[PDB]
Amino acid sequence: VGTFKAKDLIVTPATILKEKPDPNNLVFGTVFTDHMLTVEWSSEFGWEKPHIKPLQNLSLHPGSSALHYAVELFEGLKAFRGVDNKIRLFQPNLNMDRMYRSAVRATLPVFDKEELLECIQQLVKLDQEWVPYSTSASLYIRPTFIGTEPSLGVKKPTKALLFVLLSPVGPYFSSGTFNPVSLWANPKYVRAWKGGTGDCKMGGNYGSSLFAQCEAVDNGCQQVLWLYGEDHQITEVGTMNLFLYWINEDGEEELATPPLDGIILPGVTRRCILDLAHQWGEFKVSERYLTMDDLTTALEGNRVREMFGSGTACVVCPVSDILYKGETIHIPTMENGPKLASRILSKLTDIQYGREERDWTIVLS
Amino acid sequence: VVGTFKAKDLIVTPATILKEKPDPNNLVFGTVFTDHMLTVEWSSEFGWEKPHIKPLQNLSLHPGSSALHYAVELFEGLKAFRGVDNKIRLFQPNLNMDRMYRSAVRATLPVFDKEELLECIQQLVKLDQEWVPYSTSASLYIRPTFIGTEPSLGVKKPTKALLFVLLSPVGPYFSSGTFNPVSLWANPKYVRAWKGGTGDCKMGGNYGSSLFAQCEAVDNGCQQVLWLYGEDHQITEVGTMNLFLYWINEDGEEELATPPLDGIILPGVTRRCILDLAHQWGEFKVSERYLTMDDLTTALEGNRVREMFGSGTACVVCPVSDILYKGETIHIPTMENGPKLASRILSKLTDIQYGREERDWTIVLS
Ligand SMILES: CCCc1cc(=O)n2nc(NCc3c(F)cc(Cl)cc3F)c(C#N)c2[nH]1
Ligand SMILES: CCCc1cc(=O)n2nc(NCc3c(F)cc(Cl)cc3F)c(C#N)c2[nH]1
Ligand SMILES: *Cc1c(COP(=O)(O)O)cnc(C)c1O
Ligand SMILES: *Cc1c(COP(=O)(O)O)cnc(C)c1O
Ligand SMILES: [Mg+2]
């Protein structure tokens, strides 16, 4: 039981460097930088020294448990080139906390969160010219942790690989504006269950999503609204946390989001939005159950203001419609500004690009 | 695009150095691999490439491959058996091809021609046929595997995939080669699968989530997990195996019971074979029915339980001796009852697998 250390980094620079992309023509998660971080683990010898080396294919035994039994987890965070040309990470300690917690739940080996964050800092530093020269683009950082056990028994792995990829990305939507989405709400598909891994960023949570999203697209919708339970609770939207801004049953202005009862991924963006809403103290902030009946009752009383997803790749993604029980239900998000969604995006973007000082950002090592 | 690969297009790159075969008595499940593997690449742009049989070697995967990030992956498990007549047989391999195809559609992995995949698997086993053990208690495990190799990090249907097949010689699941009854850990805190989920498919995402509960079982002195579901603590599966209960039921009737295929149970090939045999014998009631922990503890207090066992490909029939539940150890008298039915099932399935009797369930290697 132990950790790799950043002071042990072995750095092998690429001798052929790739052209950087146009920061205005960027598709999320498609372009990769020159270098990656890799760290090997075995039960026999523990953590090997960490390597920063050229981006390359992984060489994996075909029996590797990541390939058979989804022994795998990941993270997602961003580096931003500030208005002052200082590169900043955003809330990276929250990602290290979540990745450590996911590793325990996956039965992958633990590591020192500060050692991994310093290894990520050194990788971004080497590839810093990849952090785009744009106030609407960023560098996506993908820490990934896989079982590489070369045996077909279903068991805790005795071999693993932790690696980090970098990808320059633009706005999630090419327009760089709000592209409000239609949601497909079919209770036939359930993303997560009590006693499952839905509250960890484990790869096994995401395999089911593709089929339901393909069905959404066949029915003229862009994303899945994940429903849970006999009362059709609204939980998450695609790969994003779900917020509802409304007048509640008590006549109170409220920002509501489902609570962390085991079927909700505790998003870093979700945490930030709840912290902002509590700080502003302008309306009620509630982690509470929201059902489709709660929503349709509110819509018929003109009580709904905004619905939006939260997540790293999109930040704030408004919802305009839900298809449920054969009816298209309009959500008036875009007819209400969307004032709160816009205020949140502006605040987070100002912090990310260093337009205001914050404890939420760390300058590049 | 090429809609499916064909076996007639197989490219064979033989290994030039062959490995020493293992002792068929000293085999740990899924640890030893044969000389060759099958690989077939797919892209949305061009469809399926030609299939390759080549030496076992590492895969070269883009680190963004969706199998590694979002568990875009599934597998199968089936066996080849060297008969008492030295003919190698497969056991209902078309059921595995059907299950794998159905899982691929649910995963959004590309379709393939099930007959062409089975012919490629036959050619791979034929090349590595000396790996099929010279033992009536050992077999060759076949692991078809299908992974998303999409390099991009969006959560989306893959535009690149790899279908591959590994072979692994395996002995009895336990080195003793006799029944090693297990103790089960029953904790309703963890759930394997749920209604609206993918528990009825061999998708890798069903297994990664299970390891934590298995580790908790082991540190509480148990070998396997009894998977509970719902407010009434339905008993569903035992480890990675289907669950059978042989008992006198609530109505006083001798009964072999197993949970029903309601979407949270893997539809095991061994499970369906056991139900088919039990219906054919007609010596007791055969029921696909819900079973709860209360049903089981009530039966045990009434001395109504005869045998409990798992069914699956790697073990065939795996008896259960004990369950740890609500802080108490509950003895299951499987081994004090022979176990007569478990032994009879094992003997019948092994007689079919090793060609001691003719069966529509076996196919001789082409
Ligand atoms: C898994 C981590 C990487 C990642 C991959 C991926 O494919 N997506 N897609 C995202 N947004 C699509 C989307 C939308 F555009 C709108 C709504 Cl309401 C809901 C929604 F999910 C986001 C985000 N944020 C994201 N992140
Ligand atoms: C996933 C497919 C490959 C595979 C991997 C693996 O680790 N196992 N372990 C198995 N048997 C352990 C076990 C037991 F020994 C006894 C009982 Cl009651 C329940 C049980 F699961 C079996 C079987 N059959 C199996 N198959
Ligand atoms: C990552 C993730 C979230 C939250 O994303 P953040 O980028 O941490 O805000 C929500 N739901 C799912 C399924 C996720 O994978
Ligand atoms: C593979 C598997 C079984 C057994 O299926 P067979 O086709 O008999 O090998 C049972 N339960 C689970 C969860 C499985 O993965
Ligand atoms: Mg054909």
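All of this is worked out from the model, or read from it or from the source named; these are not laboratory values. Backbone-built Cβ (ideal geometry, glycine too); neighbour counts: all protein chains shown.
Tell me which residues, restricted to segment A:213-228, are more than 19 Å from the chain's Cα centre (by Cα), buried (at least 21 other Cβ atoms within 10 Å of the Cβ) and within 10 Å of another protein chain (Cβ to nearest Cβ). The answer is A:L227, A:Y228.
I'd like the residue in segment A:141-158 that is assigned to a strand (DSSP E or B) and surrounded by 22 or more Cβ atoms within 10 Å (Cβ to Cβ) and, out of all such residues, is farthest from ligand 3 (Cβ to nearest atom). Filtering first and then ranking leaves A:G147. When the residues of segment B:187-205 are filtered to those that are more than 7 Å from chain A (Cβ to nearest Cβ) and under 19 Å from the mean Cα position of the chain (by Cα), the one that is farthest from A:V71 (Cα to Cα) is B:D200. The number of residues in segment B:258-293 being closer than 19 Å to B:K348 by Cα, more than 18 Å from the chain's Cα centre (by Cα) and either among the aliphatic types (A, V, I, L, M) or outside the structural domain of B:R304 (by TED's automatic domain parsing) (or both) comes to 3. None of B:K54, B:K50 is surrounded by fewer than 19 Cβ atoms within 10 Å (Cβ to Cβ), out of contact with any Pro (no Cβ under 7 Å at 6 or more places or on another chain) and under 13 Å from B:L162 (Cα atoms) except B:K50. Within segment B:121-131, the presence of at least one residue that is outside any helix (DSSP H, G or I) and outside the structural domain of B:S347 (by TED's automatic domain parsing) is confirmed. As a summary of the residue check, A:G262 satisfies the conditions (1) within 14 Å of chain B (Cβ to nearest Cβ); (2) on the phi < 0 side of the Ramachandran plot; (3) surrounded by fewer than 23 Cβ atoms within 10 Å (Cβ to Cβ) except for the one numbered (2). The single condition from (1) surrounded by fewer than 18 Cβ atoms within 10 Å (Cβ to Cβ); (2) in contact with a strand residue (DSSP E or B) (Cβ under 9 Å, 6 or more places away or on another chain) that A:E72 fails is (1).
Annotation note: of B:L59, B:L68, the sole residue that is within 11 Å of another protein chain (Cβ to nearest Cβ) and away from ligand 1 (no atom under 16 Å from the Cβ) is B:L59. The single residue among A:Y289, A:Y245 that is more than 16 Å from ligand 5 (Cβ to nearest atom) and buried (at least 19 other Cβ atoms within 10 Å of the Cβ) turns out to be A:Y245. Against the definition (in contact with a helix residue (DSSP H, G or I) (Cβ under 6 Å, 6 or more places away or on another chain), away from ligand 2 (no atom under 16 Å from the Cβ), within 26 Å of A:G198 (Cβ to Cβ) and not small (G, A, S)), how does A:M307 come out, yes or no? Taking the combined requirement at face value, the residue satisfies it. Here A:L299 clears all of (1) within 16 Å of ligand 1 (Cβ to nearest atom); (2) assigned to a helix (DSSP H, G or I); (3) over 29 Å from A:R98 (Cβ atoms) except the condition numbered (1).
Regarding B:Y173, is this residue away from ligand 5 (no atom under 16 Å from the Cβ), surrounded by fewer than 23 Cβ atoms within 10 Å (Cβ to Cβ), touching a residue at least 12 places away in the same chain (Cβ under 8 Å) and away from chain A (no Cβ under 12 Å)?
So B:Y173 does not fit the description; no.
Considered as a group, the residues in segment A:97-152 that are hydroxyl-bearing (S, T, Y) and within 14 Å of chain B (Cβ to nearest Cβ) include one that is farthest from ligand 4 (Cβ to nearest atom), and that residue is A:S138.
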